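**Student:** The structure's right below; bear with me while I get my questions together.
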Amino acid sequence: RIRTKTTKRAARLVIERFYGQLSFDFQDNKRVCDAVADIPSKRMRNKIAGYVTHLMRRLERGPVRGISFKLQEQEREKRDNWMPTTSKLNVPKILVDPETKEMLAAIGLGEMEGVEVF
Amino acid sequence: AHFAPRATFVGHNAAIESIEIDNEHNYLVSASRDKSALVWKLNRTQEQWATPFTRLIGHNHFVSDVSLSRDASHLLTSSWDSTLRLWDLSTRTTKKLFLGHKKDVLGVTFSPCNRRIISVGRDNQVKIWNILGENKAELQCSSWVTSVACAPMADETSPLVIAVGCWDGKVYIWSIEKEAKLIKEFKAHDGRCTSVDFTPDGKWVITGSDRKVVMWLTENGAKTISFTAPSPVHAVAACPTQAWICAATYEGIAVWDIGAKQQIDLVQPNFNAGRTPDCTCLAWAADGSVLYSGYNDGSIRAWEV
RNA sequence: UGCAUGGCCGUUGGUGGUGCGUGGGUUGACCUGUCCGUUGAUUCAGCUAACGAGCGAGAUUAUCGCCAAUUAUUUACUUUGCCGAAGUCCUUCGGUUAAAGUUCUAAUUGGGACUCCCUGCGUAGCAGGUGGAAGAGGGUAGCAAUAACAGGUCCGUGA
């Protein structure tokens, strides 16, 4: 009782396009996958909808690999774009190890105003 | 104010889709996914609240919605079977079935005055039947139709207002009189519009997929107010008497006081990697005494303020 | 003459297998694609000098089991009513183009079960349980890849 490559690769392609429909319940999603996709048989849609339900209660959780459903693509862009106030790169004293100070002598940039050793 | 657990009672093995209560008190009917719809009768005596009275075996799928006469005599009920069934209340026995509607039928109401049967489902049309059992009007819409409700009273002469909530997003409102001309049409919900009910007075209407219960105007349209539910809600139903409105989330039932403009309460009773029961329908009694809610495992729970 | 052959069939083996396009590895036969868990299964999952299309498996077809729509008073029955025979105050038989039907009977269109649900174990899935007509490919069959056996048949044929 494993789901084959055709019914998985359909069921991922359904959730691609129509996450705006669908629910946690099976008996709803069964009736969706008639209208969404022309399918020859009855048994096919029960196994497609059976995985479409399975992925929904995985999706109520961290984001599933190899699937992208348009609401999260919008949400990732907002979560991506913004960047917090301040550089966050200024201590601003900046601690530095004893040997790495002697490097900053050898470059020719000691008396930097960034503090030393410990 | 908040309200304590009065009584769980069960006689129903699969889930419950819808639930409705006959006039005054005694006799509520829980349409069931089992395809069998019971009617109960209410003792309200200590340990048992109710005990089951009939079973309506007839449909060949789940029973979607259930709707009642003003008398509590001749109730009607629909299923995904694509038919409806008038059932004599006292002797069961289907009185007459309905034939015409193509796909699974999701929603039924009467009028106030036992005039027009309003079936609806996934052929994208609100059919209006006669009480005799023949098709009068065939209204139209874009997508599937989950739910309907009817404006209270109207004294016969007044148009009897039919709010509708669709699968795509849109919310239609219609008059009747004779031709049935829609008062207004709007993109009421962002994605999926689950469930529709009226305010008792009927100035306002209620609809709400995107975790947002939104009240709208009956005439013409556009929003009064928009609340935000915690998690997405399956049924909505306002109180008859007092100024409440209530909404069946996963996490509980979010009790808005409408004037104070906030959730005063959230009532779920206590019970890894499981869903655990949702509540898929509400039903206020006609007095505004008691709040019934039908659940996903197959139980019903009563609370009284 | 089946050791000259066509077709057809059994078998290796109905097991899970088979091999193309472009790319890479090798002087080359050739390899890679076609490799730590899961499944009846090269079944899926994921690793990854390979990526992408196939065929077989699955899907589909047939039937058995459960449903309710659609028809049937001269090809199936049932209920009620009539007229008989016995019993002899209400029970059982036989008959009836005679009124209503469909629980049995007959057969078409659809519905139904998906690991969906809950709990354990380990994402793929697995074990148990509730309900359910039916629960793990629902049962049983049918169809069945490439590559060959000097297996069989010139006593099937106007091969």
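**Student:** Is it the case that B:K184 is part of a strand (DSSP E or B) and either under 24 Å from B:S69 (Cβ atoms) or more than 14 Å from every other protein chain (Cβ to nearest Cβ) (or both)?
**Tutor:** Details: part of a strand (DSSP E or B): yes; either under 24 Å from B:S69 (Cβ atoms) or more than 14 Å from every other protein chain (Cβ to nearest Cβ) (or both): yes.
Spelling it out, B:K184 is indeed part of a strand (DSSP E or B) and either under 24 Å from B:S69 (Cβ atoms) or more than 14 Å from every other protein chain (Cβ to nearest Cβ) (or both).
**Student:** Something else: Can you pull out the residues in region B:263-305 that are of a type in the set (G, A, S), surrounded by fewer than 15 Cβ atoms within 10 Å (Cβ to Cβ) and either farther than 13 Å from B:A237 by Cβ or touching a strand residue (DSSP E or B) at 6+ places or on another chain (Cβ under 6 Å) (or both)?
**Tutor:** Answer for region B:263-305, where residues must be of a type in the set (G, A, S), surrounded by fewer than 15 Cβ atoms within 10 Å (Cβ to Cβ) and either farther than 13 Å from B:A237 by Cβ or touching a strand residue (DSSP E or B) at 6+ places or on another chain (Cβ under 6 Å) (or both): B:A273, B:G274, B:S289.
**Student:** Please go through region B:222-248 and give me each residue that is assigned to a loop (DSSP other than H, G, I, E, B) and touching a strand residue (DSSP E or B) at 6+ places or on another chain (Cβ under 8 Å), ordered by number.
**Tutor:** Residues of region B:222-248 that are assigned to a loop (DSSP other than H, G, I, E, B), as a first pass: B:222, B:227-235, B:239-243.
Those that are assigned to a loop (DSSP other than H, G, I, E, B) and touching a strand residue (DSSP E or B) at 6+ places or on another chain (Cβ under 8 Å): B:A222, B:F227, B:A229, B:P230, B:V233, B:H234, B:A235, B:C239, B:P240, B:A243.
**Student:** Taking the options B:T83, B:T8, B:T91, B:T45, name whichever one is of a type in the set (S, T, N, Q), away from every other protein chain (no Cβ under 14 Å) and within 11 Å of RNA strand C (Cβ to nearest atom).
**Tutor:** Exactly one of B:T83, B:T8, B:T91, B:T45 is of a type in the set (S, T, N, Q), away from every other protein chain (no Cβ under 14 Å) and within 11 Å of RNA strand C (Cβ to nearest atom), namely B:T83.
Yes/no matrix, rows are residues, columns are (1) exposed (fewer than 13 other Cβ atoms within 10 Å of the Cβ); (2) of a type in the set (D, E):
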residue	(1), (2)
A:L13	no, no
A:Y19	no, no
A:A37	no, no
A:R43	yes, no
A:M56	no, no
A:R65	yes, no
A:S68	no, no
A:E77	yes, yes
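**Student:** Can you tell me which condition B:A238 does not meet? The list is (1) within 14 Å of chain A (Cβ to nearest Cβ); (2) of a type in the set (A, V, I, L, M); (3) under 21 Å from B:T194 (Cα atoms), and all the others hold.
**Tutor:** (1)
**Student:** Sticking with this one: Out of region A:1-17, which residues are more than 12 Å from RNA strand C (Cβ to nearest atom) and either within 14 Å of chain B (Cβ to nearest Cβ) or in contact with a helix residue (DSSP H, G or I) (Cβ under 9 Å, 6 or more places away or on another chain) (or both)?
**Tutor:** A:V14, A:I15, A:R17 - these are the residues of region A:1-17 that are more than 12 Å from RNA strand C (Cβ to nearest atom) and either within 14 Å of chain B (Cβ to nearest Cβ) or in contact with a helix residue (DSSP H, G or I) (Cβ under 9 Å, 6 or more places away or on another chain) (or both).
**Student:** Looking at (1) within 25 Å of B:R275 (Cβ to Cβ); (2) within 7 Å of RNA strand C (Cβ to nearest atom); (3) surrounded by 15 or more Cβ atoms within 10 Å (Cβ to Cβ), which one does A:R31 not meet, given that it meets all the others?
**Tutor:** (2)
**Student:** Pick from region B:52-75 the residues that are surrounded by 22 or more Cβ atoms within 10 Å (Cβ to Cβ) and more than 14 Å from chain A (Cβ to nearest Cβ): which of them is nearest to RNA strand C (Cβ to nearest atom)?
**Tutor:** Filtering first and then ranking leaves B:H59.
**Student:** Among the candidates B:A229, B:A237, B:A254, B:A248, which residue alone is surrounded by 12 or more Cβ atoms within 10 Å (Cβ to Cβ) and either of a type in the set (S, T, Y) or under 20 Å from B:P152 (Cβ atoms) (or both)?
**Tutor:** Criteria check complete, one pass: B:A237.
**Student:** Of all the residues that make up region B:128-171, how many are part of a loop (DSSP other than H, G, I, E, B) and within 14 Å of chain A (Cβ to nearest Cβ)?
**Tutor:** Final tally of qualifying residues: 7.
**Student:** Identify the residue in region B:94-121 that is within 29 Å of B:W167 (Cα to Cα), in a strand (DSSP E or B) and more than 14 Å from every other protein chain (Cβ to nearest Cβ) and, among all such residues, is nearest to RNA strand C (Cβ to nearest atom).
**Tutor:** My answer is B:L97.
**Student:** Now, a different point. Among the candidates A:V91, A:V52, A:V96, which residue alone is aliphatic (A, V, I, L, M), more than 14 Å from chain B (Cβ to nearest Cβ) and within 9 Å of RNA strand C (Cβ to nearest atom)?
**Tutor:** After ruling out the rest, the residue left standing is A:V52.
**Student:** For region B:274-304, give me each residue that is of a type in the set (D, E, K, R) and either outside any loop (DSSP other than H, G, I, E, B) or over 15 Å from B:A247 (Cα atoms) (or both).
**Tutor:** Residues of region B:274-304 of a type in the set (D, E, K, R): B:275, B:278, B:287, B:297, B:301, B:304.
If the condition is that a residue be of a type in the set (D, E, K, R) and either outside any loop (DSSP other than H, G, I, E, B) or over 15 Å from B:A247 (Cα atoms) (or both), then B:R275, B:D287, B:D297, B:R301, B:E304 are the ones that fit.
Listed here are the residues, each with its yes/no results for (1) of a type outside the set (G, A, S); (2) within 23 Å of B:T249 (Cα to Cα); (3) assigned to a loop (DSSP other than H, G, I, E, B).
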position: A:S23; (1), (2), (3): no, yes, yes
position: A:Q27; (1), (2), (3): yes, yes, no
position: A:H54; (1), (2), (3): yes, yes, no
position: A:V64; (1), (2), (3): yes, no, yes
position: A:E73; (1), (2), (3): yes, no, no
position: A:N90; (1), (2), (3): yes, no, yes
position: A:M112; (1), (2), (3): yes, no, yes
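When we count neighbours, we look across all protein chains shown, and the Cβ atoms used for this are built from the backbone with ideal geometry, even at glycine. Each value in this text was obtained by applying a stated rule to the coordinates, not by laboratory testing.
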